[PDB]
Structures are given as C-alpha cells and as structure tokens.
Undergrad: 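Can you keep this structure in mind? I'll have questions shortly.
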Amino acid sequence: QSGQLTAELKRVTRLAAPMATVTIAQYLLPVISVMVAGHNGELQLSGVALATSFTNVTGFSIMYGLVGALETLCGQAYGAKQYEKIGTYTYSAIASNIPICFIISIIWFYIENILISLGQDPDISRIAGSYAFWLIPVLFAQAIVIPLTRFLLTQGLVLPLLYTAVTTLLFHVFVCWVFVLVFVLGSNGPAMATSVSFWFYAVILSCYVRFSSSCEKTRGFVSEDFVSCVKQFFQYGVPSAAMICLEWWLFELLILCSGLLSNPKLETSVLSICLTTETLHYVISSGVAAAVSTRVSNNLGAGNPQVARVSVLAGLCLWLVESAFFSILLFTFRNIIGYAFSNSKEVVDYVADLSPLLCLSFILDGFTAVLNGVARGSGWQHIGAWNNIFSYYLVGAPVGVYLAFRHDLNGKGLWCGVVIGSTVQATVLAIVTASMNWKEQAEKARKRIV
Ligand SMILES: CCCCCCCC/C=C/CCCCCCCC(=O)OC[C@H](O)CO
Ligand SMILES: CCCCCCCC/C=C\CCCCCCCC(=O)OC[C@H](O)CO
Ligand SMILES: CCCCCCCC/C=C\CCCCCCCC(=O)OC[C@H](O)CO
Ligand SMILES: [Rb+]
Ligand SMILES: [Rb+]
C-alpha cells in the first residue's frame, strides 16, 4: 500500500522527468524555427504561420496522435515480456505510417489552392504552400521517429530518448543557422532545416535501436504477426489520433475565433499569451502523462491490476505537486508576467485578469493529461476521443462563443469556455477511471497482446 505507492512513485518519476525534458525539446524545435527565421515582413510571417497551422491540423496532429496505439500495444507487450511483438508493433506502425504520409502529402500539395479558395491573399497562400511542401520530408522521417520514440519509452528507455531528442534539438539550431543565415534560403529555410533535423533524428534513433545492447531483445519483427499488428495499430491509433487532432484543432479554432471579436489585435495577442502559457505548463504534465501511460500499460500487461491502480495514484501525486507549483507561481507574478510578452499596459493588465483562469487550466490540463495517459496505457482511447468532442466541441465551444460574444467577455469568455470544457472533461475522465475494473483491463491486456 504505502510501500506500493513509494515504489511506483519512484518508477513514475524516473520516467516523468526525462519525458518532461523530451517534451520541452519537442516544443522548443518549432520555436527555434520561428526565432532563427526572425521574419521581417507580415507577408512572410503570415504565410509561414498559415503553413504551420495547416500542416499541424491536417498532418502533424495525426502523426503524433497515432502512436498512442503503441503506448497501448508496446507498453502492454513489454509488461507481459512479449518483447518480439514490441518490434513487430513498432515496425507495423512505421509501415502503416507510410501511406498516411502519402495522403497528407497529397493534401499539402493543394495548400495554396485551398487557402486561395478560402479567401486568403494569393502571395500568402503561395508562401504557405511552399513552406509546407518543404515540410513534407518531415512526415516520412516522423513515420520512423515517432514509433521509435514509443519503442524506447514503453520499455523504460527514456534516457536514450532524452539524449537523442536534445541532440536533435541542438542539431536543428545549427541547421537553422546554416540554412537561414549562411545559405540564405529564405522563407523555406526553416522548413527545409526541419526536414533535415527530423531525418537526422531518424538515423540516430535507428542507429541506437539497431546497435545498442538495450534494444537487442525488442528489435526486429515477426512476419506472421505483421498484418495483425497493423490491424491493432489502426484499432487504437485512430482514436488516439482523434484525441490529439481535437486538441490541436481547438487551439487553432480559439485563435481563429479571436480574430472575430472587437479589437482583434488585442484579443488575439492576449489569447496567444494564454495558449503559449498553457502549452509551456503542458510539457511537464505531458511528461507525467507519458510515465503514467507506460507504467499503467506495463503493469496491466504483466497481470498486475493493483499496481496499475497505484501507478495512476503516483501520477496523480506528480499532478498535485506540479499543477500547484505552476498555478501558485503564475498567480504570484500575475501582474508582472504579461511584460514577458508585450510592452503594452493593456495587454499586461488583460493577462493579469486572466491569470486565475490560466491557473485553473493548469490544474485541469495536468489532471486530464494524467487520466488521458491512463486511457492510452489501458486501451480505451476511444472514450477519450468522444470525451474530447463532448467536452470541448459540444459544451466548451458553445458556452465559450456565448460568453465571448453575448456577455462581452471577448477572450476571457473564450477561455471561460476552455475552462468549462476542461472541467467536464476532467469529470468524465475521473468517473471512467474510478469505475474501471482493473482486473478485467489486465485480462484484456493479456488477450490484446497474447
Ligand atoms: C450529462 C451527460 C453525462 C454523460 C456525457 C458523456 C459524453 C461523453 C462521454 C463518453 C464516455 C462514455 C462512457 C462509456 C463508459 C463505458 C465503460 C467502458 O467501456 O469500459 C471498458 C474499457 O474501456 C475497455 O473497453
Ligand atoms: C486515412 C487518413 C488520412 C488522414 C489525412 C489527413 C486527414 C485530415 C485532413 C483534413 C481534415 C482536417 C479538418 C479540416 C482542415 C481544414 C484546413 C485548415 O485547417 O485550414 C486552416 C487555414 O488557416 C484556413 O485559412
Ligand atoms: C472520432 C472523432 C471525430 C472528430 C469529429 C470532430 C469534428 C471537428 C470539427 C471542427 C474542427 C475544425 C478543425 C480545423 C481548425 C482549423 C482552423 C484554423 O486553422 O485557424 C486559422 C489559424 O488560427 C490561423 O489564423
Ligand atoms: Rb486540450
Ligand atoms: Rb485548449
């Protein structure tokens, strides 16, 4: 019980701290692209931003979201010591990612035409389509990279994941410098640089997995298990992708809706601050979520339902410390933190007025991240996808648009809808996790990976 929790707290933390740093590096890479570019003109900035929003919505959200299937399959397979199937699951995921990358590439070919038909400036549209075209190799590199990241994570190999992720980040800073400053490749420079970095990420990961002693038992695949693994990859990858797509889409929709409020420059700038602050906090809870998913899937696959419950409890301990830390820290500098993003007194005062709501977002996002990690580790990501629709699009979006436009709350009203949607999401997640039959979920894990 108490020693149960202490041992599981140790293992959850041993995975959460490196994975939190991994997520930091993940989200720092696009920020480095924007910073090294340091774009001078509105035409370039808008076109690149449109390419980023389009490629994230239609492509990158799916690529990252699909490997939640590997969090279920490879995690439970590692728990049952079904080590050969881990590599079969991983390589079935890579092979399945190839046609999806082709579909997304075809869509990205039409980004200029689609944006023009959507009433956007033709120069902006061409710049966006060109940037996205040079982001296409990132898709095929991620077809290897992302499944390999779960290949290492599900086995508890978070240190090589952290090493290669940070090494890729520093490599990306270098190639951004050479492409933007030395080669002077222009607006497409960072996009081309990203394609190089992720392919570099692809080779070092593939090199480690191929040659390390840690991956000797789990590397390789079984031919007669390929088709079945592909089936399961889609079975749990389709909802896992939907969960991420609905989270990223809502982010984009928030910014889009802020452009329709009065004084849209003020409301969009301030909403950009709330979003940046939200993701800045979410990298930590993402590391906790990855640790909870790994330990939940491992213990379920190992036939230990009780320690799986304890894994959720240990992750909730990390959530309470982490969320209380960032909430109180933000509330302390609520009247000051705005000056870290803008020199306008109006923007800083606005962010100061929203900071309590952002603190509530910290608590909820950390809680829902942990419980969504339980979903990915157990196998009911479909509940999480339908919960994302119900919480944010059926409840959060109508209430937020209402308060923003009706009660003249503007961006505060939009974030009020975010807070309410996150509240009902946490409530559903808490009810489904408290009513879970852990012995059956372990039995379902044993059958899922045989
Ligand atoms: C006022 C309205 C309140 C309700 C509104 C919620 C709408 C969104 C919730 C969807 C989750 C549906 C809950 C289904 C619970 C089934 C439990 C279950 O399936 O556990 C098996 C495990 O997932 C192995 O498959
Ligand atoms: C087999 C599965 C293959 C998957 C292949 C991709 C699937 C997702 C693509 C589109 C749906 C996304 C929702 C609609 C996206 C609309 C485009 C958009 O977001 O445009 C933004 C721009 O800012 C406007 O001005
Ligand atoms: C099984 C789950 C099925 C899920 C079914 C749910 C349907 C989602 C509905 C709308 C999302 C729209 C997504 C597209 C949002 C893109 C908007 C955008 O790109 O905004 C411009 C950007 O902010 C630059 O200004
Ligand atoms: Rb979210
Ligand atoms: Rb959000």
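In listed order, ligands and their atoms are each counted from 1. What's counted below: heavy atoms across the whole structure, side chains too, no hydrogens, waters or symmetry copies. FYI, the numbering just counts along the sequence from 1.
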Undergrad: Using a strict 4.0 Å cut-off to heavy atoms of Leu115, name the atoms of ligand 2 that fall inside it.
TA: 22 (C), 24 (C), 25 (O)
Undergrad: Take atom CZ in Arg334; do more than 12 heavy atoms of anything else shown fall under 6.0 Å from it?
TA: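 More than 12 heavy atoms, drawn from other residues, nucleotides or ligands, come within 6.0 Å of this atom.
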Undergrad: Measure from atom 6 (C) of ligand 2 to every heavy atom in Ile100, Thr58, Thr52 and give the option owning the shortest one.
TA: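 The option holding the nearest heavy atom is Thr58.
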Undergrad: State whether the side chain of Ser311 and the backbone N or O of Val292 hold a donor-acceptor pair below 3.5 Å, judged by distance alone.
TA: no
Undergrad: Could you tell me which atoms of ligand 2, counted from 1 in the order shown, lie closer than 4.0 angstrom to a heavy atom of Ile103?
TA: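 Per the distance check, 1 (C), 3 (C), 5 (C).
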Undergrad: Sort out for me which residue in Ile244, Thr55, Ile146, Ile104 forms a side chain to side chain contact (heavy atoms under 4.5 Å, CB included) with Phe60.
TA: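 For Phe60, the side chain to side chain contact (heavy atoms under 4.5 Å, CB included) test succeeds with only one of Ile244, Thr55, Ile146, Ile104, which is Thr55.
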Undergrad: How long is the span from the CG atom in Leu409 to the OH atom in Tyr402, to the nearest 0.5 Å?
TA: 10.0 Å
Undergrad: Would you mind listing which atoms of ligand 2 come within a distance below 4.0 Å of any non-hydrogen atom of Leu50?
TA: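 Heavy-atom distances to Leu50 below 4.0 Å select 22 (C), 23 (O).
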Undergrad: Distance under 4.0 Å to a non-hydrogen atom of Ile62: what atoms of ligand 2 satisfy this?
TA: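 Result: 4 (C), 6 (C), 7 (C), 8 (C).
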Undergrad: Return the CD to CG distance between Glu278 and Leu358, rounded to the nearest 0.5 Å.
TA: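 These two atoms lie 7.5 Å from each other.
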Undergrad: Quick one: which ligand 2 atoms are inside 4.0 Å of a heavy atom on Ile107?
TA: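 Those of ligand 2 that fall under 4.0 Å from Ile107 are 5 (C), 6 (C).
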Undergrad: Taking CZ in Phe341 as the centre, count heavy atoms belonging to other residues, nucleotides or ligands within less than 6.0 Å. Is the count above 12?
TA: yes
Undergrad: Is it true that atom CD of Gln26 has more than 12 heavy atoms of other residues, nucleotides or ligands lying nearer than 6.0 Å?
TA: yes
Undergrad: Check the pair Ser53 / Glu252 against side-chain hydrogen bond (donor to acceptor under 3.5 Å, both in side chains), numbers first and verdict last.
TA: CA-CA 7 Å; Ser53 296; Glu252 227 46 66; 2.9 Å; yes
Undergrad: With a cut-off of 4.0 Å, which atoms of ligand 2 are near a heavy atom of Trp249?
TA: 12 (C)
Undergrad: With sequence neighbours left out, what residues match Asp121 under salt bridge (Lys or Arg N to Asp or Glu O under 4.0 Å)?
TA: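 Applying salt bridge (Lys or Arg N to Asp or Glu O under 4.0 Å) to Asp121 gives none.
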Undergrad: Between ligand 1 and the protein, tabulate every N or O atom pair separated by less than 3.5 Å, reporting distance only.
TA:
residue: ligand 1; atom: 25 (O); partner: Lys444; partner atom: NZ; Å: 3.0

